[PDB]
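Neighbour counts are summed over all protein chains in view; Cβ atoms, including those assigned to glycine, are modelled from backbone coordinates with ideal geometry. Read the figures in this text as sums done on the coordinates, not as results from a lab.
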Amino acid sequence: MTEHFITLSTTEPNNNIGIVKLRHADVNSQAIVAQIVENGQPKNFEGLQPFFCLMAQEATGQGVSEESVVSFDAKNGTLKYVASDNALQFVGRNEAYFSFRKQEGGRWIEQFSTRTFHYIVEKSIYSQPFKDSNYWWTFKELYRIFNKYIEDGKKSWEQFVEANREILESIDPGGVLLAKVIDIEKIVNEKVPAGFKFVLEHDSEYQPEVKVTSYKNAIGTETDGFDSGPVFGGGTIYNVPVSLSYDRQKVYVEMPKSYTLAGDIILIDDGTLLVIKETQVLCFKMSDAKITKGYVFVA
Amino acid sequence: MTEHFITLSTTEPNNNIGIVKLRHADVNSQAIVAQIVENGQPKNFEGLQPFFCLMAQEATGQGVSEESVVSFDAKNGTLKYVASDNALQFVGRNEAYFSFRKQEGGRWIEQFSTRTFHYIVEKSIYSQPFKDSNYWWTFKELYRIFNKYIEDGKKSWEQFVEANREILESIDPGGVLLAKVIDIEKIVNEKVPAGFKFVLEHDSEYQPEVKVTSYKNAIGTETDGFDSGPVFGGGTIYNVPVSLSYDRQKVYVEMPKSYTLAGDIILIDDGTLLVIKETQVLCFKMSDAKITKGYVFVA
Amino acid sequence: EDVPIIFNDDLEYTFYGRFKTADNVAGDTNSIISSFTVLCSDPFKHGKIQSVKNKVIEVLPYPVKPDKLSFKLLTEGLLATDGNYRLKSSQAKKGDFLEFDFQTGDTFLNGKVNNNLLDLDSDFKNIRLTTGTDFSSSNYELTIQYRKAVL
Amino acid sequence: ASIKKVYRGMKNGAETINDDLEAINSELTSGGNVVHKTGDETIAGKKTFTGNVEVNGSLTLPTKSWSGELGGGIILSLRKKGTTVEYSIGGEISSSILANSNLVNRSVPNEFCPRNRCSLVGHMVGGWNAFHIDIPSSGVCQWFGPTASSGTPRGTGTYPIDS
Amino acid sequence: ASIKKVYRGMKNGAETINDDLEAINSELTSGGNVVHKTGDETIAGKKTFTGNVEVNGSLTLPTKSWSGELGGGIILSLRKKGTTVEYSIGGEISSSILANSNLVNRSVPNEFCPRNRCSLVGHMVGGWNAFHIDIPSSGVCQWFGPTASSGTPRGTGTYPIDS
Amino acid sequence: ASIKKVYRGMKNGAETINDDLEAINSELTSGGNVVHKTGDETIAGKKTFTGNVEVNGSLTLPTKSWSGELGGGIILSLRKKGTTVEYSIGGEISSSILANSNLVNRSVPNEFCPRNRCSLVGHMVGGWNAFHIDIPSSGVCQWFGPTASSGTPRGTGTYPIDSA
């Protein structure tokens, strides 16, 4: 595959770079190798993800392309971007830049970027047909189809229950089975990890063991200040049964419903995280890694 | 983060000397570092609070754009201003200055300031208007509508599940029982060591500890060949809850029904055995003993 | 003496010249229009001053003469090289000691001014920086200081 | 070799694994920081060979040449090679050289000077006469023949550079 | 090492990755084109050592031996070792050897010949008499003693092969 | 390098592959059993160089020193370096040394002894007189000057240590 080496600055204009010349129909062969420079020195972008930003033409307002760069050496301030079909769409002079981003979910934390630079796409025997952008339509239709599933799914369910009403009335006489299952329900809400799902982000590439404990009135948690509670030092310590699940640098800790506690998340500067809600404390201890962030699971 | 070092004088008639060139999309990682000078010497601004005053064209009044500066060394006459979203909104050639002030009862007493310098915000792919679904849009506009669809969609689904359960559980004296049983049985077949029994023959005369893990798409198990799966290396690793039972050189490993997997039994050189059924793997790890044979329990 | 000249359309760079000759001026109307020449001893316009560590990787349109070279030794002697230029200093201050080589003046040793002894006889002070000049070595830590020169 | 990180959920894994294996395999044949069984290479560091080193090509050591008229028409030609100096005595005695006298036209430069006094034995063309010239560590050579005012001194050999 | 390509949608990927890692790791210990800290190995190419080379075992250079009667009963024995020739003068003068005459029985072969004239100083057993024999680049040796018809010439030393 | 097995259905595959690549890559720069272009390293084995070996620093060979009065006041100083012995003749003749006589105070030790008879040519200070001293493989040195009872013998050079 062909490579095009250029050094791009965040401070100075990028006019002195060589002529970048791409061919219109080149698939994933032509790559732009760039050295990011800030005030003459290489730019460390550790913890940031680079993005290729192609600017649309001012006339039509078409051709904006934001694409995540696959290969980069953040330490040495270099990146390799493989021209996309989108980058090669306009045959002629193109204007683009690199943007570096940090996002904690659905919101940016910090972003910096290079100065624009220009490149040229040369004409090929092939001419790629491009569909007009419809991100809004695809979104509003998926939302409509999903809202149609709500309306139709409600009507289908209510008809199902009412048709089976006659067989649901005669299922349990008095409440012999109901009384029982309610005793199984309270024990499932306490002794089996089912309800409460907490996420611990970490520094290990592996699957660190997590141990969870629950206790009330620990030092400095008491309502009326230090040593005001009935049992000094803390009450009964309950080992919380957990169900562990792992992704890269993420542990999913599943606990029984009863241990659900939404309070203040305190991170200790080691392998420990606490959740404190008034007097109640939920303690997470990690073996062989450091918890970097902790939060209640949301889908 | 990028820094822009400049020395600004209060006396020297610059008016336009000193250009700062920013990018519209760059959040919390572009700072202007300034050294305040009066008559060629650093300016002490002790007891004064510095303010960033941007003079945007087409957005003028009495308070054009004033923002308090967070970091300063008043003694050494230096400051650091991080470009705000407000500071970056006005795409174009603007002019700015630093004002230092002292207030009594919400009223002015003393206010000195630097000479103006240039502030230019360059347009990003996020600022530039683009056509989508036969209408003109900016990034901020769509990003809001899309995140509104995601938020209102989650809320409508949460409403959908509860409302449907009110028909089954609250409308029937015996219907509530069904709703409980169904939820209990799924937890009991996933979290409780239920109906899956595997035997591990070993060389120990004792009771070796066994640890079981379940994962999909591990290296060499992908359907369409190596690195064809959605998560390279394998998906979520689930710690399998186990119930251990021992006879002479035999461990009976009881797992929940959901983990039932009849596939190919692969024995590795040590205390490790795998059960592979296409993309799904069930991993068995023995401590202090060597697995000699592994098979599903037959009664 | 020479004066720093900056233009409203080219604010990034700075020229360093002096007023030379003024064109003939009419002695009537009360609304004159003429010209004057400003002789720039250095034909290059210089941007902002930049401090880089060891090597210059910035796109330099013209070879740049530096402004300051801040060396900090680690071994016995100093032998700065990039392949073309060789800067050498025999019997230097070994064991982490700063040596300022101010291009637009004189040389310094730690804090005190040391011109007679600092550099060896076969040392260079006419060094120029290209777009890919590398000085990085295990013997010294260099803080290079330069200004981008354009025509 | 310059390799890239491989991890779970990685983008373009098979490519990165292959690129890494290829980058590493490349250095097993040429370049990088490894010494190979082929190619022209520069090797830094103290290399201590405990076994048998056999050179079939050439062994090249640091070399430097010098020649000068020591005095009285006697010319000494030198070539330093490693820790050894190869010498050659020439010229013709032009004037009276007193017995045991210093040759005071030119001295041997310090880089060619021995650690100890080196006695360089020579012969005078046309008879059975021998002499020697001492090269002390200072390089001021000394004639140890008797008084001589003519003749052709010769002698080729070596002396060491350290003790 | 000989490795196999790794790629997306590859058949038997884990085996191929492992086989590659094993092939590569093997050459870090022995064989292939890499020089190791153990083993008998042949190394081609120009190897330039910028540091200190320390030989604790042996250093073996190219060696060649030769002996011949130069003329008049004078026997020269030679051993080339690298860029140096070790010599030994022997035999006994059998017939009249004229002052400054060429020794014309046998010449020194070209491979033992110096770049410049080398003056080999010697001594005659049983008296204080010295002589020299010049070996020019042509190998036609020349006697620089006076006329002699008998005696036992001796002398061991070295001369260089290049200039 | 020490690496771990990679196999189908392996637990933590991406990590193991990476750990192995890192373990191997580490030895391409320093340590292990590979000779590098930097660093102080000890190399065992018969290394045969078929090309041009260029030494810019130092070449250090096995060295040993010795000095002794051979006899009659004649002092021989030696330094063995590799396969060569550097010699220096000194002292002053103290007593009658007969023509072609063995010097019987001290012999040259076996480790400094040549494979063949080595004739070391020398000169007597203050005249045109030359002599030689033979060092045979036995180390019993022999004076090949005429009878002498005084004078200052000198001569510096080398002789080899081995023969085929």
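Things to note:
- Model label zone, B:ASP247; criterion: amide N under 17 Å from point 7 Å along Cα-to-beta-carbon; scope the range B:266-299: B:292-299
- Per-copy distances of the B:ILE145 label point, shortest first, in nm (7 angstrom along Cα→Cβ): 1.8
- Of A:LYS277/B:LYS180; F:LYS4/F:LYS37; B:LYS216/B:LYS257, pairs whose Cα-Cα distance is over 19 Å: A:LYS277/B:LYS180; F:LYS4/F:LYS37
- Toward the positive end of the charge dipole of the protein assembly as shown, with +1 on the Cβ of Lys and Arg and -1 on the Cβ of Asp and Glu, the farthest Cα among A:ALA179, E:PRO109, A:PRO13 is that of E:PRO109.
- If only the Cβ of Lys and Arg carry +1 and only the Cβ of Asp and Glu carry -1, the dipole of the protein assembly as shown around its Cα centre is close to 3500 debye.
- Around the Cα centre of chain F, unit charges on the Cβ atoms of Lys, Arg, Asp and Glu (plus for the first two, minus for the last two) sum to a dipole of about 340 debye.
- One chain, two ends: A:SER68 and A:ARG93. Fully extended at 0.36 nm per residue, the span grows by 6.8 nm beyond their Cα-Cα distance.
- For D:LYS81, a cut-off of 14 angstrom between C-alpha atoms picks up these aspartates and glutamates, skipping any fewer than 8 places away in its own chain: D:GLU111, D:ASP162, E:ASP162, F:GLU54.
- Reach of B:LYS186 by Cα under 19 Å, taken over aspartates and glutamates that are not fewer than 8 positions away in the same chain: A:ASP183, A:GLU185, A:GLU190, A:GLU254, B:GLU162, B:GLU169, B:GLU254
- At most 13 other Cβ within 10 Å, DSSP loop - chymotrypsin sites (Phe, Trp or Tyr not before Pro), the range A:174-240: A:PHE226, A:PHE232
- What separates the A:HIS118 label point from its copies, with the point 7 Å along Cα to Cβ, is 1.9 nm, written shortest first.
- Most positive-pole-ward Cα, E:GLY68, E:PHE131, B:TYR81, against dipole of the protein assembly as shown from beta carbon charges: E:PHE131
- Using alpha-carbon coordinates, inclination of helix A:135-163 to the longest axis of chain A, degrees: 30
- Position B:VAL298, label points 7 Å along Cα→Cβ, spacing to each other copy in nm (shortest first, one decimal): 5.3
- Computed from the C-beta positions of B:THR272 and B:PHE297 and an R0 of 25 Å, the FRET efficiency is 0.80 to the nearest 0.05.
- Spatial separation of Cα centroids for the range C:119-151 and the range E:55-121, in angstrom: 55
- Net lengthening on full extension, A:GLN159/A:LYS75 (0.36 nm per residue, minus Cα-Cα): 24.1 nm
- For C:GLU12, B:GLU205, order by how many other beta-carbon atoms lie within 10 Å, fewest first: B:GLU205, C:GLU12
- For the pair C:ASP134 and B:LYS123, a Förster radius of 35 Å applied to the C-beta separation gives a FRET efficiency near 0.45, rounded to the nearest 0.05.
- Flagged links, alpha-carbon separation over 22 Å, of A:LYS102/A:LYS131; B:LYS43/B:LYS102; A:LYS102/A:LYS293; B:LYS21/C:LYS45; C:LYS68/C:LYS148; A:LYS43/C:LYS48: A:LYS102/A:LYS131
- The antiparallel fraction among DSSP beta bridges confined to chain A stands at about 85%.
- Here r is the Cβ-Cβ distance between E:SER26 and A:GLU205 and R0 is 22 Å; the resulting FRET efficiency, rounded to 0.05, is 0.25.
- With neighbour counts taken as other beta-carbon atoms within 10 Å, the residues F:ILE89, C:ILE32, B:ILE219 rank, fewest first, as C:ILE32, F:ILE89, B:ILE219.
- For a paramagnetic label modelled on C:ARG18 (point 7 Å from Cα along Cα→Cβ), amide N atoms under 12 Å away belong, within the range C:37-52, to C:39-42.
- Helix D:13-27 and the longest principal axis of the Cα set of chain D meet at an angle near 20°.
- Centre-to-centre separation between the Cα atoms of the range A:272-295 and those of the range B:237-270: 31 Å.
- Loop-exposed trypsin sites (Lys or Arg not before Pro) per DSSP, neighbour cap 13 Cβ within 10 angstrom, longest uninterrupted part of chain A: A:132-299
- Per-residue ellipticity at 222 nm computed for chain E from its helices equals -3000 deg cm²/dmol, with DSSP H segments shorter than 4 residues left out and the rest contributing -39,500 (n - 2.57).
- To the nearest ten degrees, helix B:175-188 and the longest principal axis of the Cα atoms of chain B are 90 degrees apart.
- Taking the fewest neighbouring Cβ atoms within 10 Å as the starting point, the ordered list for F:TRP143, F:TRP66, B:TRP108 is B:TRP108, F:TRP66, F:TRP143.
- Residues whose placed amide H lies under 5 Å from that of F:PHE49, excluding near-sequence neighbours: D:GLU54, D:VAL55, D:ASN56, E:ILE43
- For the range C:52-132, the set of trypsin sites (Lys or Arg not before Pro) satisfying both a DSSP loop assignment and a count of at most 14 other C-beta atoms within 10 Å is given as C:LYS94, C:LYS125.
- Check: chain B dipole with +1 on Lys, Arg Cβ and -1 on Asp, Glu Cβ, in debye: 440
- The label-point distance for B:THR236 and C:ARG86, in a model that sets each label 7 Å from Cα toward Cβ, rounds to 6.6 nm.
- Under the simplified labelling scheme, the C:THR75-B:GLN41 pair shows an inter-label distance of 4.6 nm, with each label point 7 Å from Cα along Cα→Cβ.
- Simple spin-label estimate for F:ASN105 and D:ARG117 in nanometres, 7 Å along Cα-Cβ: 1.7
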